[PDB]
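Please read the structure below before turning to the comments.
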Amino acid sequence: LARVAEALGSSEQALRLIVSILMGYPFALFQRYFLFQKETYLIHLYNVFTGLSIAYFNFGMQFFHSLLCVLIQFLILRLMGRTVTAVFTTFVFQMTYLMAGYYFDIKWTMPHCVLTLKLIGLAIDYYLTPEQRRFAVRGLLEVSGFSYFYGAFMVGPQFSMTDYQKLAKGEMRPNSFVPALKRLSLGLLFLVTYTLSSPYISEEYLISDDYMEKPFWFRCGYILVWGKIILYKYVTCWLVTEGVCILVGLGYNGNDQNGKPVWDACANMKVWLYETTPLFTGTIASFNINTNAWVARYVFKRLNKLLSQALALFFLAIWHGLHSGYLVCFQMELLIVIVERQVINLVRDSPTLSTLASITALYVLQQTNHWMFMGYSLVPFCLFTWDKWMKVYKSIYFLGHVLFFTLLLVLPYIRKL
């Protein structure tokens, strides 16, 4: 039971989560053939009975929490309807219930932060642009089934209700097992990388006084290797989680010009592009493309774009808010990423400095700076506490904070040089 969680290397709860995500596949062996089944109320009943069992198996307490939010949300589907208050109360209540969970390692708030976004998204869908005219829904079991879907429950991607009901019917396409193997084999490849790296390079090492004053160059060097190997826990649990999502048929975006079907519908990653990438505007734009696209659809699209940027990323700090740490992380995308784009336009688009720096002559150095850019930003994540976060930040001479601002004052004068 617990000896399996100690034998490989990972945490005790981490084994119960990987078992839960891998449990998606034998459960997707029923939507293999019983999906073409004429009865649709049986499909909704499968997701509830599986999702409630998955929630109970991982944590006994959560089964009531999610269920309570689900019944209260379809109560705001009866009352209020699409009157504007309904969006205001859903946004507040869901975050009020969510933030209560944090105030009261792998807690029951793991699938709860997912359904919070799934129910807020449902409210705006129940409430136009070419995307909005499609994503909007028309007109009990529907809300319960959509929330408890086994493929995307613990950390899975948000899926449009309109598109979810489609899965019960025609999934909006040919059934396949070959792409499912692709995201599973690549998903397990990163699991081997994580389980082997995590013990010889850990978090508690950053706060440990041992050697944490000796090198300076390796002081930042450890921060480059770490926060590149730690985020692989998310990577493995988004590729194996997509593997079940695509096996059912939900993973299919559509088809292309050659008739070949598309697979990037609920794809929360793009590996060749989130790695081997010199410019991290690609990586940070959307490492969790779905988690990033949701905010870009229901927060940024709904929201004066200049004043929207701060309030949209502030919602991501209301999303968890464990310590000031998670807030300091979202003020990195609105920091280095906006500065990185300024250096992108500094070259090829300036009448002073770009002229000489536009050419092919004017790779490894950029990536080395960009992996450092990630680590420094992931430091106030994992270790979120004020005393832990400040400890390693002051020990590394606060380089990221100084360099970004140093670039920010000098940069507009380089545009003149």
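Starting from 1 in every chain, residues are counted up; chains themselves are A, B, ... following the order of the structure tokens, and ligands are numbered from 1 as listed.
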
**Message:** I'd like the contact shell of residue 105 of chain A - 12 Å cut-off, only C-alpha atoms, skipping same-chain residues fewer than 4 positions apart - returned as a list in words.
**Reply:**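 In the requested form, the answer reads residues 11, 12, 13, 14, 16, 17, 59, 109, 110 and 382 of chain A.
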
For the residues in that selection, give me N, CA and C atoms as a CSV table (one decimal), in the first residue's frame.
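Result written to part-v8.csv:
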chain,number,residue,atom,x,y,z
A,11,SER,N,6.6,10.7,-3.8
A,11,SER,CA,5.9,10.9,-2.5
A,11,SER,C,4.8,9.8,-2.3
A,12,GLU,N,4.2,9.8,-1.1
A,12,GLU,CA,3.2,8.8,-0.7
A,12,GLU,C,1.8,9.1,-1.4
A,13,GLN,N,1.4,10.4,-1.5
A,13,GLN,CA,0.2,10.9,-2.2
A,13,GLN,C,0.4,10.8,-3.7
A,14,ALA,N,1.6,11.0,-4.1
A,14,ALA,CA,2.0,11.0,-5.6
A,14,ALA,C,1.7,9.7,-6.3
A,16,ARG,N,-0.8,7.6,-5.2
A,16,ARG,CA,-2.3,7.6,-5.3
A,16,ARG,C,-2.8,8.4,-6.4
A,17,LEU,N,-2.1,9.5,-6.8
A,17,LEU,CA,-2.4,10.4,-7.9
A,17,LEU,C,-2.1,9.8,-9.3
A,59,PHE,N,-9.0,11.0,-1.7
A,59,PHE,CA,-9.3,11.7,-0.5
A,59,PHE,C,-10.7,11.6,-0.1
A,109,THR,N,-7.9,20.1,-2.6
A,109,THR,CA,-8.0,21.3,-3.5
A,109,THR,C,-7.4,21.1,-4.9
A,110,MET,N,-6.8,19.9,-5.1
A,110,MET,CA,-6.3,19.4,-6.4
A,110,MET,C,-7.3,19.4,-7.5
A,382,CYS,N,6.7,26.4,-5.7
A,382,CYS,CA,7.0,25.3,-4.8
A,382,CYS,C,7.2,25.8,-3.4

**For residue 404 of chain A: contacts at 9 Å, only C-alpha atoms, fewer than 5 positions along chain excluded, given as a list in words** =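 Near residue 404 of chain A, the qualifying residues are residues 335, 336, 339, 399 and 409 of chain A.
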
**Message:** With only C-alpha atoms as the counted atoms, please give the residues lying no more than 6 Å from segment 132-149 of chain A, apart from itself and same-chain residues fewer than 6 positions off, as a PyMOL selection string.
**Reply:** chain A and resi 44+47-48+51+125-126+162

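Considering the residues A:20, A:368, A:331, A:255 and counting only C-alpha atoms, residue 401 of chain A has its shortest atom-to-atom contact with A:331.
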
**Request:** Rank nothing, just name the residue among A:379, A:21, A:271, A:245 nearest to residue 171 of chain A, using only C-alpha atoms.
**Result:**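 Selected residue with least distance to residue 171 of chain A: A:245.
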
**Item:** Nearest-residue call for residue 103 of chain A, choices A:231, A:311, A:207, A:322, using only C-alpha atoms
**Value:**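 Using only C-alpha atoms, the shortest distance to residue 103 of chain A belongs to A:322.
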
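When only C-alpha atoms are used to measure the gap to residue 188 of chain A, the shortest distance among A:34, A:384, A:108, A:238 belongs to A:238.
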
**Message:** With only C-alpha atoms as the counted atoms, please give the residues lying no more than 12 Å from residue 351 of chain A, apart from itself and same-chain residues fewer than 6 positions off, as number ranges by chain.
**Reply:** A: 345, 357-358, 414-417

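You can rank A:237, A:115, A:291, A:32 by their closest distance to residue 190 of chain A using only C-alpha atoms, and at the top of that list sits A:237.
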
**Request:** Within 8 Å of residue 266 of chain A, counting only C-alpha atoms, which residues show up once you throw out same-chain ones fewer than 3 positions away? Write them as an NGL selection string, please.
**Result:** :A and (157-159 or 242 or 245 or 250-253 or 263 or 290)

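Comparing the minimum interatomic distances between residue 395 of chain A and each of A:363, A:57, A:216, A:49, counting only C-alpha atoms, we find that A:216 sits nearest.
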
**Asked** Do you know which residues are at most 12 Å from residue 295 of chain A counting only C-alpha atoms, after dropping those on the same chain fewer than 5 positions away, and could you put them as JSON, numbers by chain?
**Response** {"A": [117, 118, 120, 121, 158, 285, 286, 288, 289, 290, 300, 301, 302, 303, 308, 309, 311, 312, 313, 314, 315, 316, 319]}

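When the distance limit is 10 Å and only C-alpha atoms are what count, the residues near residue 369 of chain A, minus those fewer than 3 positions from it on the same chain, are residues 224, 278, 280, 364, 365, 366, 372, 373 and 374 of chain A.
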
**Message:** Quick check, in Å to one decimal: how far apart do atom CA of residue 30 of chain A and atom CA of residue 269 of chain A lie?
**Reply:**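 If I compute the distance from atom CA of residue 30 of chain A to atom CA of residue 269 of chain A, I get 26.4 Å.
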
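Every residue of segment 78-287 of chain A with a DSSP assignment of strand (DSSP E), taken from the backbone, is listed as residues 254, 255, 261 and 262 of chain A.
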
Restricting the output to C-alpha atoms, write the selected residues as a PDB file, in the first residue's frame.
ATOM      1  CA  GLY A 254     -11.279  18.220 -35.692  1.00  0.00           C
ATOM      2  CA  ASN A 255      -9.653  17.535 -39.113  1.00  0.00           C
ATOM      3  CA  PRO A 261      -7.926  14.478 -37.866  1.00  0.00           C
ATOM      4  CA  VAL A 262      -6.502  17.125 -35.449  1.00  0.00           C
TER       5      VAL A 262
END

**Asked** Could you write out, as an MDAnalysis selection string, all the residues of segment 197-409 of chain A that DSSP marks as helix (DSSP H, G or I)?
**Response** chainID A and resid 197:200 204:207 217:225 232:248 271:274 280:285 289:298 305:319 324:346 354:357 364:378 386:395 399:409
